[PDB]
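model18.txt follows (compact mmCIF, N, CA and C atoms and all ligand atoms):
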```
# COMPACT_ATOMS: atom_id res chain seq x y z
N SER A 1 -0.01 -10.29 -5.00
CA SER A 1 -1.46 -9.99 -5.06
C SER A 1 -1.88 -9.48 -3.70
N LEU A 2 -3.14 -9.07 -3.61
CA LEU A 2 -3.69 -8.53 -2.38
C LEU A 2 -3.53 -9.50 -1.24
N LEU A 3 -3.66 -10.79 -1.53
CA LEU A 3 -3.48 -11.78 -0.49
C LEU A 3 -2.06 -11.67 0.08
N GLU A 4 -1.06 -11.44 -0.77
CA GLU A 4 0.31 -11.29 -0.28
C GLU A 4 0.51 -9.92 0.40
N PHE A 5 -0.01 -8.86 -0.21
CA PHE A 5 0.14 -7.49 0.31
C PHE A 5 -0.44 -7.37 1.72
N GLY A 6 -1.57 -8.03 1.89
CA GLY A 6 -2.26 -7.99 3.15
C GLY A 6 -1.48 -8.68 4.23
N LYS A 7 -0.91 -9.84 3.92
CA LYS A 7 -0.17 -10.54 4.95
C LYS A 7 0.97 -9.61 5.34
N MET A 8 1.68 -9.08 4.35
CA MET A 8 2.76 -8.16 4.61
C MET A 8 2.28 -7.07 5.58
N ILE A 9 1.38 -6.20 5.14
CA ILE A 9 0.85 -5.14 6.00
C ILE A 9 0.59 -5.63 7.42
N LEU A 10 0.02 -6.83 7.59
CA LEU A 10 -0.23 -7.31 8.94
C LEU A 10 1.09 -7.61 9.63
N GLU A 11 1.94 -8.39 8.96
CA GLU A 11 3.21 -8.75 9.55
C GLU A 11 3.99 -7.51 10.03
N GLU A 12 4.28 -6.56 9.15
CA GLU A 12 5.03 -5.36 9.55
C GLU A 12 4.35 -4.43 10.55
N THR A 13 3.09 -4.07 10.32
CA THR A 13 2.41 -3.11 11.20
C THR A 13 1.61 -3.63 12.38
N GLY A 14 1.33 -4.92 12.39
CA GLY A 14 0.53 -5.43 13.48
C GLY A 14 -0.97 -5.21 13.28
N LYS A 16 -1.38 -4.21 12.48
CA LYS A 16 -2.80 -3.93 12.22
C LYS A 16 -3.28 -4.77 11.04
N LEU A 17 -4.57 -5.10 10.97
CA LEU A 17 -5.07 -5.88 9.83
C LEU A 17 -5.19 -5.00 8.58
N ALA A 18 -4.82 -5.56 7.45
CA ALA A 18 -4.84 -4.83 6.20
C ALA A 18 -6.11 -4.08 5.90
N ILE A 19 -7.23 -4.77 6.04
CA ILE A 19 -8.50 -4.22 5.62
C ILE A 19 -9.14 -2.99 6.27
N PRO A 20 -9.71 -3.07 7.50
CA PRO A 20 -10.24 -1.74 7.87
C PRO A 20 -9.09 -0.76 8.12
N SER A 21 -7.98 -1.29 8.63
CA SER A 21 -6.84 -0.46 8.95
C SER A 21 -6.14 0.30 7.82
N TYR A 22 -6.18 -0.21 6.58
CA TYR A 22 -5.54 0.49 5.45
C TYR A 22 -6.23 0.47 4.11
N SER A 23 -7.42 -0.12 4.02
CA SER A 23 -8.06 -0.24 2.72
C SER A 23 -8.92 0.92 2.28
N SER A 24 -9.09 1.91 3.14
CA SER A 24 -9.86 3.07 2.74
C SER A 24 -9.30 4.36 3.34
N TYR A 25 -8.25 4.21 4.16
CA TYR A 25 -7.55 5.32 4.84
C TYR A 25 -7.36 6.49 3.89
N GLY A 26 -7.53 7.70 4.41
CA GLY A 26 -7.37 8.90 3.60
C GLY A 26 -7.86 8.82 2.17
N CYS A 27 -7.17 9.53 1.28
CA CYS A 27 -7.53 9.60 -0.13
C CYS A 27 -6.89 8.59 -1.07
N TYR A 28 -5.74 8.04 -0.68
CA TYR A 28 -5.04 7.13 -1.58
C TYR A 28 -4.92 5.64 -1.24
N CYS A 29 -5.17 5.27 0.01
CA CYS A 29 -5.15 3.88 0.41
C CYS A 29 -6.41 3.15 -0.09
N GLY A 30 -6.20 2.06 -0.83
CA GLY A 30 -7.31 1.27 -1.33
C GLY A 30 -7.94 1.72 -2.61
N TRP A 31 -8.55 2.89 -2.49
CA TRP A 31 -9.28 3.56 -3.56
C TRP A 31 -8.33 4.13 -4.62
N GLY A 32 -7.51 5.07 -4.17
CA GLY A 32 -6.55 5.76 -5.00
C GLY A 32 -7.27 6.97 -5.53
N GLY A 33 -7.38 7.03 -6.85
CA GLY A 33 -8.07 8.13 -7.46
C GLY A 33 -7.46 9.51 -7.32
N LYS A 34 -8.06 10.30 -6.43
CA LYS A 34 -7.70 11.69 -6.31
C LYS A 34 -7.49 12.35 -4.98
N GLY A 35 -6.86 13.53 -5.06
CA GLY A 35 -6.67 14.34 -3.88
C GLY A 35 -5.29 14.62 -3.35
N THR A 36 -5.24 15.48 -2.35
CA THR A 36 -4.00 15.81 -1.70
C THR A 36 -3.96 14.86 -0.51
N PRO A 37 -2.96 13.98 -0.45
CA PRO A 37 -2.81 13.01 0.64
C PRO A 37 -2.93 13.68 2.00
N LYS A 38 -3.75 13.07 2.86
CA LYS A 38 -4.03 13.54 4.21
C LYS A 38 -2.87 13.58 5.20
N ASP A 39 -2.07 12.53 5.23
CA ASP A 39 -0.95 12.50 6.14
C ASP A 39 0.15 11.55 5.69
N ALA A 40 1.10 11.27 6.59
CA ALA A 40 2.22 10.40 6.25
C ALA A 40 1.77 9.04 5.71
N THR A 41 0.90 8.37 6.47
CA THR A 41 0.35 7.08 6.07
C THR A 41 -0.46 7.13 4.75
N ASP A 42 -1.15 8.24 4.46
CA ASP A 42 -1.93 8.36 3.21
C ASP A 42 -0.94 8.60 2.06
N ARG A 43 0.23 9.11 2.41
CA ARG A 43 1.23 9.44 1.41
C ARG A 43 1.92 8.20 0.89
N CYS A 44 2.02 7.19 1.76
CA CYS A 44 2.65 5.90 1.42
C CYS A 44 1.82 5.32 0.31
N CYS A 45 0.52 5.24 0.57
CA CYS A 45 -0.43 4.76 -0.41
C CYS A 45 -0.25 5.53 -1.73
N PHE A 46 0.00 6.84 -1.64
CA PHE A 46 0.22 7.61 -2.85
C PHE A 46 1.42 7.04 -3.60
N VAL A 47 2.51 6.76 -2.90
CA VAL A 47 3.68 6.21 -3.57
C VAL A 47 3.43 4.79 -4.10
N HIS A 48 2.80 3.95 -3.28
CA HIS A 48 2.48 2.59 -3.67
C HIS A 48 1.67 2.58 -4.97
N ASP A 49 0.68 3.48 -5.08
CA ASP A 49 -0.14 3.54 -6.30
C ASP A 49 0.81 3.80 -7.45
N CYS A 50 1.57 4.86 -7.26
CA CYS A 50 2.57 5.27 -8.19
C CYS A 50 3.45 4.07 -8.51
N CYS A 51 3.79 3.31 -7.48
CA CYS A 51 4.64 2.15 -7.67
C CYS A 51 4.00 1.15 -8.62
N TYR A 52 2.71 0.89 -8.44
CA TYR A 52 2.00 -0.02 -9.31
C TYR A 52 1.84 0.59 -10.70
N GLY A 53 1.92 1.92 -10.75
CA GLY A 53 1.76 2.63 -12.00
C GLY A 53 2.92 2.43 -12.95
N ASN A 54 4.12 2.26 -12.40
CA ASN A 54 5.30 2.05 -13.21
C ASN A 54 5.22 0.72 -13.92
N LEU A 55 4.21 -0.06 -13.55
CA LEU A 55 3.99 -1.35 -14.15
C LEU A 55 2.60 -1.44 -14.76
N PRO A 56 2.54 -1.49 -16.09
CA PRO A 56 1.32 -1.60 -16.88
C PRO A 56 1.56 -2.96 -17.49
N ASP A 59 2.56 -3.68 -17.02
CA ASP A 59 2.73 -4.90 -17.79
C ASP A 59 2.31 -6.16 -17.11
N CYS A 61 1.87 -5.97 -15.85
CA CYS A 61 1.45 -7.01 -14.87
C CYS A 61 0.08 -6.88 -14.09
N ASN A 67 -0.36 -7.86 -13.26
CA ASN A 67 -1.57 -7.48 -12.46
C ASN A 67 -1.38 -7.41 -10.92
N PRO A 68 -0.74 -6.31 -10.45
CA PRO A 68 -0.43 -6.01 -9.05
C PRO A 68 -1.47 -6.52 -8.07
N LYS A 69 -2.74 -6.22 -8.33
CA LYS A 69 -3.83 -6.67 -7.48
C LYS A 69 -3.99 -8.19 -7.48
N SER A 70 -3.64 -8.85 -8.59
CA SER A 70 -3.83 -10.30 -8.70
C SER A 70 -2.63 -11.26 -8.78
N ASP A 71 -1.53 -10.90 -9.46
CA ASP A 71 -0.39 -11.83 -9.58
C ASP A 71 0.28 -12.19 -8.24
N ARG A 72 0.25 -13.48 -7.92
CA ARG A 72 0.77 -13.98 -6.66
C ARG A 72 2.28 -14.22 -6.63
N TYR A 73 2.94 -13.73 -5.57
CA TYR A 73 4.40 -13.82 -5.42
C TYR A 73 4.93 -14.44 -4.13
N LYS A 74 6.18 -14.90 -4.18
CA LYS A 74 6.78 -15.53 -3.01
C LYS A 74 7.70 -14.58 -2.30
N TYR A 75 7.44 -14.37 -1.02
CA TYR A 75 8.33 -13.56 -0.23
C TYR A 75 8.35 -14.24 1.11
N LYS A 76 9.44 -14.06 1.84
CA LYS A 76 9.53 -14.61 3.19
C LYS A 76 10.06 -13.51 4.11
N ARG A 77 9.90 -13.70 5.41
CA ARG A 77 10.33 -12.69 6.35
C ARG A 77 11.80 -12.76 6.75
N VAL A 78 12.12 -13.41 7.87
CA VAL A 78 13.52 -13.54 8.31
C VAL A 78 14.02 -12.44 9.26
N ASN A 79 14.10 -12.86 10.53
CA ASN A 79 14.52 -12.09 11.70
C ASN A 79 14.22 -10.59 11.68
N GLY A 80 13.34 -10.17 10.77
CA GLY A 80 12.99 -8.77 10.69
C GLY A 80 12.61 -8.27 9.30
N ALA A 81 13.58 -8.22 8.39
CA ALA A 81 13.34 -7.71 7.05
C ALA A 81 12.42 -8.55 6.18
N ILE A 82 12.09 -8.01 5.03
CA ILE A 82 11.22 -8.70 4.09
C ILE A 82 12.02 -9.05 2.85
N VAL A 83 11.96 -10.30 2.42
CA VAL A 83 12.68 -10.70 1.21
C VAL A 83 11.76 -11.23 0.09
N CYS A 84 11.84 -10.61 -1.09
CA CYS A 84 11.07 -11.03 -2.27
C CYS A 84 11.89 -12.11 -2.94
N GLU A 85 11.28 -13.04 -3.67
CA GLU A 85 12.08 -14.10 -4.29
C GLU A 85 12.02 -14.31 -5.82
N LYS A 86 12.93 -15.14 -6.34
CA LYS A 86 13.05 -15.34 -7.79
C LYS A 86 11.69 -15.53 -8.45
N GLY A 88 11.17 -14.42 -8.97
CA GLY A 88 9.84 -14.44 -9.56
C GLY A 88 9.79 -14.21 -11.05
N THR A 89 8.85 -13.40 -11.50
CA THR A 89 8.78 -13.18 -12.92
C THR A 89 8.73 -11.70 -13.10
N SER A 90 9.92 -11.09 -13.06
CA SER A 90 10.17 -9.65 -13.15
C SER A 90 8.94 -8.93 -12.60
N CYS A 91 7.84 -8.94 -13.34
CA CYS A 91 6.60 -8.35 -12.85
C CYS A 91 6.38 -8.74 -11.40
N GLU A 92 6.42 -10.04 -11.13
CA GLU A 92 6.20 -10.57 -9.78
C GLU A 92 7.18 -9.97 -8.77
N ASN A 93 8.45 -9.93 -9.14
CA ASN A 93 9.53 -9.36 -8.31
C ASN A 93 9.19 -7.83 -8.12
N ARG A 94 8.92 -7.12 -9.22
CA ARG A 94 8.67 -5.68 -9.19
C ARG A 94 7.51 -5.30 -8.27
N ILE A 95 6.44 -6.08 -8.33
CA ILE A 95 5.26 -5.89 -7.48
C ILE A 95 5.65 -6.05 -6.01
N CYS A 96 6.41 -7.10 -5.70
CA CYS A 96 6.84 -7.33 -4.34
C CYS A 96 7.67 -6.16 -3.77
N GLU A 97 8.62 -5.61 -4.53
CA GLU A 97 9.37 -4.50 -3.98
C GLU A 97 8.44 -3.30 -3.77
N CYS A 98 7.43 -3.14 -4.63
CA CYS A 98 6.45 -2.05 -4.49
C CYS A 98 5.77 -2.16 -3.14
N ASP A 99 5.15 -3.32 -2.94
CA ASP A 99 4.46 -3.64 -1.70
C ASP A 99 5.40 -3.60 -0.51
N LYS A 100 6.55 -4.27 -0.63
CA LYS A 100 7.52 -4.30 0.46
C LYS A 100 7.66 -2.88 0.95
N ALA A 101 8.07 -1.99 0.06
CA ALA A 101 8.26 -0.60 0.41
C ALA A 101 7.08 -0.04 1.18
N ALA A 102 5.91 -0.15 0.58
CA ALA A 102 4.67 0.37 1.16
C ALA A 102 4.38 -0.08 2.59
N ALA A 103 4.61 -1.36 2.83
CA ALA A 103 4.41 -1.98 4.12
C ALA A 103 5.41 -1.41 5.11
N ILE A 104 6.62 -1.16 4.63
CA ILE A 104 7.67 -0.59 5.45
C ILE A 104 7.21 0.84 5.79
N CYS A 105 6.82 1.59 4.77
CA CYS A 105 6.32 2.95 4.98
C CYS A 105 5.21 3.04 6.03
N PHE A 106 4.27 2.10 6.04
CA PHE A 106 3.23 2.14 7.07
C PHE A 106 3.86 2.08 8.44
N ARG A 107 4.69 1.07 8.67
CA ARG A 107 5.34 0.89 9.96
C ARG A 107 6.10 2.14 10.31
N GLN A 108 6.94 2.58 9.38
CA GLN A 108 7.76 3.79 9.48
C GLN A 108 6.93 4.93 10.10
N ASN A 109 5.64 4.97 9.78
CA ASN A 109 4.76 6.01 10.28
C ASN A 109 3.54 5.59 11.14
N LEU A 110 3.68 4.51 11.92
CA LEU A 110 2.59 4.01 12.78
C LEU A 110 2.06 4.98 13.84
N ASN A 111 2.79 6.06 14.09
CA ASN A 111 2.33 7.06 15.06
C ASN A 111 1.33 8.03 14.45
N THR A 112 1.65 8.57 13.27
CA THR A 112 0.73 9.51 12.65
C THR A 112 -0.55 8.80 12.20
N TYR A 113 -0.70 7.54 12.58
CA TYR A 113 -1.90 6.80 12.21
C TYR A 113 -3.03 7.37 13.04
N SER A 114 -4.06 7.83 12.33
CA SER A 114 -5.21 8.44 12.98
C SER A 114 -6.53 7.77 12.64
N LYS A 115 -7.23 7.29 13.66
CA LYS A 115 -8.52 6.66 13.43
C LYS A 115 -9.45 7.68 12.75
N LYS A 116 -9.06 8.96 12.76
CA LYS A 116 -9.89 10.02 12.18
C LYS A 116 -9.92 9.91 10.67
N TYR A 117 -8.94 9.19 10.14
CA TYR A 117 -8.85 9.02 8.71
C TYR A 117 -9.21 7.59 8.27
N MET A 118 -9.35 6.70 9.24
CA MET A 118 -9.78 5.33 8.96
C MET A 118 -11.19 5.54 8.38
N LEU A 119 -11.48 4.88 7.26
CA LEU A 119 -12.78 4.97 6.60
C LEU A 119 -13.14 6.40 6.12
N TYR A 120 -12.10 7.18 5.78
CA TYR A 120 -12.23 8.55 5.26
C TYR A 120 -12.91 8.33 3.89
N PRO A 121 -14.14 8.84 3.71
CA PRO A 121 -14.91 8.69 2.47
C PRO A 121 -14.23 8.70 1.13
N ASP A 122 -14.34 9.85 0.48
CA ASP A 122 -13.78 10.17 -0.85
C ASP A 122 -14.20 11.64 -0.92
N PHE A 124 -15.46 11.87 -1.29
CA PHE A 124 -16.09 13.20 -1.33
C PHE A 124 -15.51 14.06 -0.19
N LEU A 125 -14.39 14.71 -0.50
CA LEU A 125 -13.64 15.61 0.39
C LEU A 125 -12.24 15.49 -0.18
N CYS A 126 -12.08 14.47 -1.03
CA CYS A 126 -10.83 14.29 -1.74
C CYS A 126 -11.04 15.04 -3.03
N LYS A 127 -10.19 16.03 -3.25
CA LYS A 127 -10.25 16.84 -4.46
C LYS A 127 -8.91 17.16 -5.12
N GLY A 128 -8.88 16.88 -6.42
CA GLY A 128 -7.74 17.27 -7.23
C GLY A 128 -6.63 16.41 -7.78
N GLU A 129 -5.88 17.07 -8.67
CA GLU A 129 -4.74 16.52 -9.35
C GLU A 129 -3.54 16.30 -8.44
N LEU A 130 -2.67 15.41 -8.88
CA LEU A 130 -1.41 15.08 -8.22
C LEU A 130 -0.68 14.12 -9.16
N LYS A 131 0.38 14.60 -9.79
CA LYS A 131 1.14 13.74 -10.71
C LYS A 131 2.18 12.88 -9.95
N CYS A 133 2.36 11.58 -10.30
CA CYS A 133 3.39 10.73 -9.64
C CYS A 133 4.68 11.42 -9.99
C1 LIG A 201 -7.91 5.92 -13.43
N1 LIG A 201 -6.68 5.14 -13.17
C2 LIG A 201 -5.75 5.33 -14.23
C3 LIG A 201 -5.97 5.34 -15.64
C4 LIG A 201 -4.86 5.55 -16.49
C5 LIG A 201 -3.56 5.72 -15.99
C6 LIG A 201 -3.31 5.71 -14.60
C7 LIG A 201 -4.40 5.51 -13.72
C8 LIG A 201 -4.50 5.42 -12.26
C9 LIG A 201 -4.09 3.99 -11.89
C10 LIG A 201 -4.27 4.00 -10.35
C11 LIG A 201 -3.72 5.45 -9.98
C12 LIG A 201 -4.74 6.09 -8.97
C13 LIG A 201 -5.11 5.00 -7.90
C14 LIG A 201 -5.95 3.87 -8.60
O1 LIG A 201 -5.45 2.63 -8.11
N2 LIG A 201 -5.79 3.95 -10.09
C15 LIG A 201 -6.45 5.22 -10.60
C16 LIG A 201 -6.11 6.43 -9.66
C17 LIG A 201 -6.03 5.70 -11.97
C18 LIG A 201 -3.63 6.25 -11.30
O2 LIG A 201 -2.28 6.37 -11.77
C1 LIG A 202 -1.90 0.96 -0.87
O1 LIG A 202 -2.81 0.37 0.06
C2 LIG A 202 -3.84 -0.30 -0.57
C3 LIG A 202 -4.91 -0.89 0.34
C4 LIG A 202 -6.00 -1.50 -0.23
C5 LIG A 202 -6.13 -1.60 -1.65
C6 LIG A 202 -7.37 -2.18 -2.24
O2 LIG A 202 -8.28 -2.56 -1.49
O3 LIG A 202 -7.52 -2.25 -3.58
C7 LIG A 202 -5.11 -1.10 -2.52
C8 LIG A 202 -3.98 -0.45 -2.00
```
Let me see the structure of the file written as structure tokens.
Ligand SMILES: CN1c2ccccc2[C@]23C[C@H]4[C@H]([C@@H]5C[C@H](O)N4[C@@H](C5)[C@H]12)[C@H]3O
Ligand SMILES: COc1ccc(C(=O)O)cc1
Amino acid sequence: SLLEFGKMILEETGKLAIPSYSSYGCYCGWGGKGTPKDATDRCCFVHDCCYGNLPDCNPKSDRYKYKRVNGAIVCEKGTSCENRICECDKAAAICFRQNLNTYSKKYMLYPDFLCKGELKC
């Protein structure tokens, strides 16, 4: 769930989940539409897509167990859905870190109205 996703995002990137990634570009937080702004907005595009492969669970709400360990992130014996959600998030959190440089405060709190168009997963 978001409570787990947020801890992850903080743990890996050092930045707090909320202002730092909850409205970034066109796909972080909101989702919806548009051509992703940059590397970090693109992660969100994949993460959405990641949650999309699952219509059988509640990504935003179902709580899962994961632990850290000298660096990497480990998801644990859950309920398929629970496990699947964790790898989705795990990836996404890794992607943010992977691209912590292209992080631009210019896109932090990027509205919506300027986000235009289709994009198939
Ligand atoms: C409308 N809703 C949908 C309705 C029917 C099928 C798929 C979707 C969503 C789910 C998910 C994703 C982006 C980001 C956002 O989290 N959601 C929106 C747009 C779409 C997009 O795939
Ligand atoms: C992919 O990054 C996010 C960040 C915030 C939210 C949200 O606030 O719903 C969803 C996905």
Could you please extract the residues within 6.5 Å of ligand LIG 202 (chain A), counting all atoms listed in the file, and hand them back as an mmCIF file with N, CA and C atoms, in the coordinates of the input?
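Done, and the output landed in result.cif:
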```cif
data_model
loop_
_atom_site.group_PDB
_atom_site.id
_atom_site.type_symbol
_atom_site.label_atom_id
_atom_site.label_comp_id
_atom_site.auth_asym_id
_atom_site.auth_seq_id
_atom_site.Cartn_x
_atom_site.Cartn_y
_atom_site.Cartn_z
ATOM 1 N N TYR A 22 -6.180 -0.210 6.580
ATOM 2 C CA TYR A 22 -5.540 0.490 5.450
ATOM 3 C C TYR A 22 -6.230 0.470 4.110
ATOM 4 N N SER A 23 -7.420 -0.120 4.020
ATOM 5 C CA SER A 23 -8.060 -0.240 2.720
ATOM 6 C C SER A 23 -8.920 0.920 2.280
ATOM 7 N N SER A 24 -9.090 1.910 3.140
ATOM 8 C CA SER A 24 -9.860 3.070 2.740
ATOM 9 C C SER A 24 -9.300 4.360 3.340
ATOM 10 N N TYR A 28 -5.740 8.040 -0.680
ATOM 11 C CA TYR A 28 -5.040 7.130 -1.580
ATOM 12 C C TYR A 28 -4.920 5.640 -1.240
ATOM 13 N N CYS A 29 -5.170 5.270 0.010
ATOM 14 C CA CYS A 29 -5.150 3.880 0.410
ATOM 15 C C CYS A 29 -6.410 3.150 -0.090
ATOM 16 N N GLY A 30 -6.200 2.060 -0.830
ATOM 17 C CA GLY A 30 -7.310 1.270 -1.330
ATOM 18 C C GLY A 30 -7.940 1.720 -2.610
ATOM 19 N N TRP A 31 -8.550 2.890 -2.490
ATOM 20 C CA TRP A 31 -9.280 3.560 -3.560
ATOM 21 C C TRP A 31 -8.330 4.130 -4.620
ATOM 22 N N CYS A 44 2.020 7.190 1.760
ATOM 23 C CA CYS A 44 2.650 5.900 1.420
ATOM 24 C C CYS A 44 1.820 5.320 0.310
ATOM 25 N N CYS A 45 0.520 5.240 0.570
ATOM 26 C CA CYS A 45 -0.430 4.760 -0.410
ATOM 27 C C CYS A 45 -0.250 5.530 -1.730
ATOM 28 N N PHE A 46 0.000 6.840 -1.640
ATOM 29 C CA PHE A 46 0.220 7.610 -2.850
ATOM 30 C C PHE A 46 1.420 7.040 -3.600
ATOM 31 N N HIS A 48 2.800 3.950 -3.280
ATOM 32 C CA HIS A 48 2.480 2.590 -3.670
ATOM 33 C C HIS A 48 1.670 2.580 -4.970
ATOM 34 N N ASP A 49 0.680 3.480 -5.080
ATOM 35 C CA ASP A 49 -0.140 3.540 -6.300
ATOM 36 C C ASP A 49 0.810 3.800 -7.450
#
```
DSSP on the backbone, then: every residue of chain A marked helix (DSSP H, G or I), written as a PyMOL selection string.
-> chain A and resi 2-13+18-22+40-53+91-108
Given a cut-off of 6 Å, what residues near ligand LIG 201 (chain A) show up using all atoms listed in the file, put as a VMD selection string?
-> chain A and resid 31 to 34 49 to 50 53
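Take CA of residue 40 (chain A) and CA of residue 25 (chain A): the distance between them is 11.1 Å.
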Near-residue 129 (chain A) list (7 Å; all atoms listed in the file; drop same-chain fewer than 2 positions) as a PDB file with N, CA and C atoms, in the frame of the given file:
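And here is the file that came out, around-v3.pdb:
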```
ATOM      1  N   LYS A  34      -8.060  10.300  -6.430  1.00  0.00           N
ATOM      2  CA  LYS A  34      -7.700  11.690  -6.310  1.00  0.00           C
ATOM      3  C   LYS A  34      -7.490  12.350  -4.980  1.00  0.00           C
ATOM      4  N   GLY A  35      -6.860  13.530  -5.060  1.00  0.00           N
ATOM      5  CA  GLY A  35      -6.670  14.340  -3.880  1.00  0.00           C
ATOM      6  C   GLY A  35      -5.290  14.620  -3.350  1.00  0.00           C
ATOM      7  N   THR A  36      -5.240  15.480  -2.350  1.00  0.00           N
ATOM      8  CA  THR A  36      -4.000  15.810  -1.700  1.00  0.00           C
ATOM      9  C   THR A  36      -3.960  14.860  -0.510  1.00  0.00           C
ATOM     10  N   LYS A 127     -10.190  16.030  -3.250  1.00  0.00           N
ATOM     11  CA  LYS A 127     -10.250  16.840  -4.460  1.00  0.00           C
ATOM     12  C   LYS A 127      -8.910  17.160  -5.120  1.00  0.00           C
ATOM     13  N   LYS A 131       0.380  14.600  -9.790  1.00  0.00           N
ATOM     14  CA  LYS A 131       1.140  13.740 -10.710  1.00  0.00           C
ATOM     15  C   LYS A 131       2.180  12.880  -9.950  1.00  0.00           C
TER      16      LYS A 131
END
```
Minimum-distance residue to residue 86 (chain A), chosen among A:120, A:74, A:42, A:54 (using only C-alpha atoms) | A:74
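Across the model, the gap from CA of residue 17 (chain A) to atom N of residue 79 (chain A) is 20.4 Å.
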Got a minute to add N, CA, C and O atoms to region 95-108 of chain A and dump it as a PDB file, keeping the file's coordinate frame?
```
ATOM      1  N   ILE A  95       6.440  -6.080  -8.330  1.00  0.00           N
ATOM      2  CA  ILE A  95       5.260  -5.890  -7.480  1.00  0.00           C
ATOM      3  C   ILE A  95       5.650  -6.050  -6.010  1.00  0.00           C
ATOM      4  O   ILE A  95       5.274  -5.232  -5.169  1.00  0.00           O
ATOM      5  N   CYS A  96       6.410  -7.100  -5.700  1.00  0.00           N
ATOM      6  CA  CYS A  96       6.840  -7.330  -4.340  1.00  0.00           C
ATOM      7  C   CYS A  96       7.670  -6.160  -3.770  1.00  0.00           C
ATOM      8  O   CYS A  96       7.461  -5.760  -2.635  1.00  0.00           O
ATOM      9  N   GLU A  97       8.620  -5.610  -4.530  1.00  0.00           N
ATOM     10  CA  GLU A  97       9.370  -4.500  -3.980  1.00  0.00           C
ATOM     11  C   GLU A  97       8.440  -3.300  -3.770  1.00  0.00           C
ATOM     12  O   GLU A  97       8.623  -2.527  -2.826  1.00  0.00           O
ATOM     13  N   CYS A  98       7.430  -3.140  -4.630  1.00  0.00           N
ATOM     14  CA  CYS A  98       6.450  -2.050  -4.490  1.00  0.00           C
ATOM     15  C   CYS A  98       5.770  -2.160  -3.140  1.00  0.00           C
ATOM     16  O   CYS A  98       5.772  -1.225  -2.326  1.00  0.00           O
ATOM     17  N   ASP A  99       5.150  -3.320  -2.940  1.00  0.00           N
ATOM     18  CA  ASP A  99       4.460  -3.640  -1.700  1.00  0.00           C
ATOM     19  C   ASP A  99       5.400  -3.600  -0.510  1.00  0.00           C
ATOM     20  O   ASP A  99       5.098  -2.969   0.497  1.00  0.00           O
ATOM     21  N   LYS A 100       6.550  -4.270  -0.630  1.00  0.00           N
ATOM     22  CA  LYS A 100       7.520  -4.300   0.460  1.00  0.00           C
ATOM     23  C   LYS A 100       7.660  -2.880   0.950  1.00  0.00           C
ATOM     24  O   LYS A 100       7.405  -2.608   2.109  1.00  0.00           O
ATOM     25  N   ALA A 101       8.070  -1.990   0.060  1.00  0.00           N
ATOM     26  CA  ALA A 101       8.260  -0.600   0.410  1.00  0.00           C
ATOM     27  C   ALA A 101       7.080  -0.040   1.180  1.00  0.00           C
ATOM     28  O   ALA A 101       7.219   0.466   2.302  1.00  0.00           O
ATOM     29  N   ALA A 102       5.910  -0.150   0.580  1.00  0.00           N
ATOM     30  CA  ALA A 102       4.670   0.370   1.160  1.00  0.00           C
ATOM     31  C   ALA A 102       4.380  -0.080   2.590  1.00  0.00           C
ATOM     32  O   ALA A 102       3.931   0.713   3.428  1.00  0.00           O
ATOM     33  N   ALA A 103       4.610  -1.360   2.830  1.00  0.00           N
ATOM     34  CA  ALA A 103       4.410  -1.980   4.120  1.00  0.00           C
ATOM     35  C   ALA A 103       5.410  -1.410   5.110  1.00  0.00           C
ATOM     36  O   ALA A 103       5.112  -1.211   6.280  1.00  0.00           O
ATOM     37  N   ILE A 104       6.620  -1.160   4.630  1.00  0.00           N
ATOM     38  CA  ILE A 104       7.670  -0.590   5.450  1.00  0.00           C
ATOM     39  C   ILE A 104       7.210   0.840   5.790  1.00  0.00           C
ATOM     40  O   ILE A 104       7.175   1.223   6.958  1.00  0.00           O
ATOM     41  N   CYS A 105       6.820   1.590   4.770  1.00  0.00           N
ATOM     42  CA  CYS A 105       6.320   2.950   4.980  1.00  0.00           C
ATOM     43  C   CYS A 105       5.210   3.040   6.030  1.00  0.00           C
ATOM     44  O   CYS A 105       5.194   3.981   6.813  1.00  0.00           O
ATOM     45  N   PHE A 106       4.270   2.100   6.040  1.00  0.00           N
ATOM     46  CA  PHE A 106       3.230   2.140   7.070  1.00  0.00           C
ATOM     47  C   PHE A 106       3.860   2.080   8.440  1.00  0.00           C
ATOM     48  O   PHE A 106       3.596   2.930   9.278  1.00  0.00           O
ATOM     49  N   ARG A 107       4.690   1.070   8.670  1.00  0.00           N
ATOM     50  CA  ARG A 107       5.340   0.890   9.960  1.00  0.00           C
ATOM     51  C   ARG A 107       6.100   2.140  10.310  1.00  0.00           C
ATOM     52  O   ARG A 107       5.926   2.695  11.392  1.00  0.00           O
ATOM     53  N   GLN A 108       6.940   2.580   9.380  1.00  0.00           N
ATOM     54  CA  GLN A 108       7.760   3.790   9.480  1.00  0.00           C
ATOM     55  C   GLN A 108       6.930   4.930  10.100  1.00  0.00           C
ATOM     56  O   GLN A 108       7.443   5.741  10.868  1.00  0.00           O
TER      57      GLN A 108
END
```
